[PDB]
Each structure stands twice: as structure tokens, then as C-alpha cells.
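Protein sequence lines correspond, in order, to chains A and B.
Everything in the first sequence is counted per the deposited numbering, starting at 1 for the first residue and increasing by one.
Everything in the second sequence is counted per the deposited numbering, starting at 1 for the first residue and increasing by one.
Even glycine gets a Cβ: it sits at the ideal position worked out from N, Cα and C.
A short worksheet on the structure shown next.
Protein chains: 2
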Amino acid sequence: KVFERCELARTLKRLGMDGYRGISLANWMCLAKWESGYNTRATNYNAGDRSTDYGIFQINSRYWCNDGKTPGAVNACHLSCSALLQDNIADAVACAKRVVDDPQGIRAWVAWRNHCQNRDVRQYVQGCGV
Amino acid sequence: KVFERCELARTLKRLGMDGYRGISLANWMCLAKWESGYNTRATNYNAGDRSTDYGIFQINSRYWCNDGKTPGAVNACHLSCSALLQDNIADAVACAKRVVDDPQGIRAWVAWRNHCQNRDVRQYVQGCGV
Numbered sequence: 001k002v003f004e005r006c007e008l009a010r011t012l013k014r015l016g017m018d019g020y021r022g023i024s025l026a027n028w029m030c031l032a033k034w035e036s037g038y039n040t041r042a043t044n045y046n047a048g049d050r051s052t053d054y055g056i057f058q059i060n061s062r063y064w065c066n067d068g069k070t071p072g073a074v075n076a077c078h079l080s081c082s083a084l085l086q087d088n089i090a091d092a093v094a095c096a097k098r099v100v101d102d103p104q105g106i107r108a109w110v111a112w113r114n115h116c117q118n119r120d121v122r123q124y125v126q127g128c129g130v
Numbered sequence: 001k002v003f004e005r006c007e008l009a010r011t012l013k014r015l016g017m018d019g020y021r022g023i024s025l026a027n028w029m030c031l032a033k034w035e036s037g038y039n040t041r042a043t044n045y046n047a048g049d050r051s052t053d054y055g056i057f058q059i060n061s062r063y064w065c066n067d068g069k070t071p072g073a074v075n076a077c078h079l080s081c082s083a084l085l086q087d088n089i090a091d092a093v094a095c096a097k098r099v100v101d102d103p104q105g106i107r108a109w110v111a112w113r114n115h116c117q118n119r120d121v122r123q124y125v126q127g128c129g130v
């Protein structure tokens with residue numbers, strides 16, 4: 001499923017993301033845009049370390065979810081990576097929350113550091129009524 | 001099912017968890033948060049002793065439930081582990097109560113010792129009307 005911008009904004013808001021760990025809804029939106037283009041089925045296999053990023057937030061199988069095929073992996077979200085490839089994003093949202101509860105917060109995502117951090121992101125939520 | 005925070009709090013209170021063996025509702029909430037993110041379908045395989053943790057409270061197959069795949073296991077809750085992956089959490093609540101009946105109580109969960117014990121956990125029930 002590819003979310004439309006405002007559709008995603010309302011969904012994330014409904015799922016308790018707006019201000020979670022001091023992270024605005026617009027920031028979560030910017031993260032989803034740059035990671036997956038709002039695509040819940042997105043996957044990115046890294047031949048380098050044989051890990052894969054899953055779903056709308058591109059969560060990595062080396063540390064966060066289990067795909068049963070990543071060397072030296074842990075499963076900190078206690079969840080199958082397939083749960084992060086579903087149209088219903090509740091599991092993905094729960095796991096993203098777990099990620100930012102770690103010390104480095106949303107900076108865990110290099111794409112967010114590069115394309116969102118310190119920048120204007122107001123346009124992600126503009127006109128969504130959230 | 002992935003519970004919303006306040007929905008889970010009210011559900012646990014309804015199932016008689018608040019004050020069970022001296023354990024506050026907020027402590028059960030913190031446990032669930034750091035085990036599964038309130039996800040009834042969470043699982044975690046432990047290569048160490050070939051056991052798996054099941055469900056919202058991440059209850060282990062070596063001692064507490066039967067998954068038919070864990071060597072030398074016992075089934076103290078008298079439940080198949082599949083019952084602990086269901087939307088209805090009555091069985092999971094009954095099993096968590098049984099776990100904390102043992103001498104170490106809630107300290108059985110290492111995630112709880114690391115993320116909850118001795119810390120302020122009022123945030124977990126704030127605004128829930130419980």
C-alpha cells in the first residue's frame with residue numbers, strides 16, 4: 001500500500017505518533033517520505049551485511065526485527081519483519097516507537113539526519129487538518 | 001492486536017491486574033511496553049536454550065507454556081503458546097499472574113528490571129482514567 005500524504009498524517013496521529021518522544025508528526029512524515037515514499041511494502045536488501053530494511057519506516061533486520069536470514073542479528077522489537085510489510089501499520093508504528101526510545105532517538109535513521117533534521121518540514125502536515 | 005496505551009490499561013484493570021501480588025497497573029503497563037510494544041503477536045527466539053518468548057508479556061516456552069518445540073520444557077501455565085498470541089488477552093493475563101506467583105515476582109522479566117524497576121512509571125497510566 002502507498003499512503004497518500006494526508007491519509008498517512010491522520011493515521012500516524014491516530015496511532016499516537018504526534019509528539020512521541022518530542023518528535024512532531026511532520027518529522028515522522030518526513031522520515032516516511034524519504035525512507036519509503038510512504039510504501040508499506042518497501043524493502044531494501046544490503047548485500048554488504050546481508051541485512052534488509054523493511055516497510056514504511058525501513059526498519060533494519062540486523063537489530064530490530066527478525067527475518068530469519070540476517071547474520072548476527074538481534075530482534076529488539078520482538079517481531080517478524082513480515083509484520084512490517086503490511087497495509088495496517090500498527091506494528092510498524094509500535095516498532096518505530098521502540099527505536100526512538102533508545103538513546104539516539106530518531107537520529108537512528110541516517111536518511112532523517114540528511115533530509116529532515118534542522119530543516120523546515122511544515123509542508124508535510126500542511127492542509128491535513130491534524 | 002496492537003493495543004493503544006489507555007485501552008490496554010483499562011483492559012488490564014478489568015482483568016484484575018492492578019495491585020496483583022503488590023504490582024501496580026503502571027508496572028504491568030511498563031512491562032508490556034518494553035516486552036512487546038502492546039503487541040499480542042510479538043515473539044522472540046532464544047538461541048541460548050532453544051526457547052521462545054510469546055505474546056504481549058513475552059512469556060517463555062521453557063517453563064510457562066507449551067510450544068512442542070522446546071527441549072526439556074515444562075508447561076506451568078497449562079497452555080499452548082498459541083493461546084498467548086491471540087487478540088483476547090485473558091489467557092496471557094492469567095499466565096502473567098502465575099509467573100509473578102513465584103518468589104521473584106515481576107523481577108522474572110529482565111526487560112522489566114532494566115527499563116522499569118526503581119524508575120518513575122506514572123507516565124504509563126497518566127490520562128487513562130484508571
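Cutoff 8 Å: residue i Cβ touching any chain B Cβ
i	result
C30(A)	no
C95(A)	yes
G19(A)	no
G16(A)	yes
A47(A)	no
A26(A)	no
Expected contact under 8 Å - CB spacing of residue i and residue j to nearest Å
i	j	result
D53(A)	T43(A)	7 Å
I59(A)	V99(A)	7 Å
Below-8 Å beta-carbon distance, residue i vs any chain A residue
i	result
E7(B)	no
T40(B)	no
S36(B)	yes
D87(B)	no
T52(B)	no
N44(B)	yes
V130(B)	no
C-alpha distance - residue i paired with residue j, whole-angstrom precision
i	j	result
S61(A)	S36(A)	16 Å
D18(B)	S24(B)	5 Å
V93(B)	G129(B)	20 Å
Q123(A)	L85(A)	26 Å
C77(B)	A108(B)	15 Å
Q104(B)	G55(A)	39 Å
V2(B)	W64(A)	17 Å
Minimum Cβ-Cβ distance from residue i to chain E less than 8 Å
i	result
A90(A)	The structure shown contains no chain E; its protein chains are A and B.
Contact set for residue i: own chain, Cβ-Cβ below 8 Å, skip 5 residues either direction
i	result
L15(A)	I89, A90, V93
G127(A)	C6
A9(B)	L25, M29, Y124, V125, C128, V130
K13(B)	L25, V130
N46(A)	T52, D53
6 Å Cβ shell around residue i - same chain, five flanking residues per side excluded
i	result
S80(B)	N66
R119(A)	none
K33(B)	none
Chain-order list of residues whose beta-carbon lies under 7 Å from that of residue i (same chain, five-residue window excluded)
i	result
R50(B)	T70, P71
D87(B)	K1, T40
Could you name the residues of the segment 59 to 79 of chain B whose beta carbon sits closer than 8 Å to any beta carbon of chain A, in the order they occur along the chain?
-> none
With 7 Å as the limit, tell me which residues of the segment 99 to 128 of chain A have their beta carbon closer than that to any beta carbon of chain B; keep them in chain order.
-> none
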